[PDB]
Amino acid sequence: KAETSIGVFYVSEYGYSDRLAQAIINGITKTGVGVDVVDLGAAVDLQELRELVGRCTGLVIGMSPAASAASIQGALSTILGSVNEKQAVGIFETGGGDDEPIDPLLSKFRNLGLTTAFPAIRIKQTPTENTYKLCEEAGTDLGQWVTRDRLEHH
């Protein structure tokens, strides 16, 4: 009975995550689809985190630092076990220099049945406006997919 939303999970202030996620969110917003932002760096209630993922039709994940593995894996593992095959998920690199391998995570979601929301956004160089314009379009794509999924539901 909660508003149709897409969950955006990433570590705030890590690399260009803040701006990369914001661009994607702006693209989502255009479609009128809601969004819930969760900071992977800040401690979260595992049970409410499962509930949030549970009510999200779409998902967006930002890579975490390979330096905060121990502390971050708790939330990450929870998301992997709280997700369902009926949703779509997109993943972006941060350009922070300590990103965890994106591919391994991409494959974990695909193995679970989820659909890839958009081509995993990779950052090898400092983000440009063409970079953020790409995130914006990926955000829109997912937002449109979510809309079509809801309408294709009933």
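Each residue number is its position in the shown sequence, starting from 1.
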property	result
Residue range whose averaged C-alpha B-factor is higher in the record, 65 to 73 or 81 to 89	65 to 73
41 to 49 set against 125 to 133, stretch whose average Cα temperature factor tops the other in the entry	41 to 49
Chain third (lowest, middle, highest) by recorded CA B-factor, residue given as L114	highest
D103 - Cα temperature factor, lowest/middle/highest third of chain	middle
Ranked against its chain, the third holding the CA B-factor of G97	highest
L151 - Cα temperature factor, lowest/middle/highest third of chain	highest
For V8, the third of its chain into which the C-alpha B factor falls	lowest
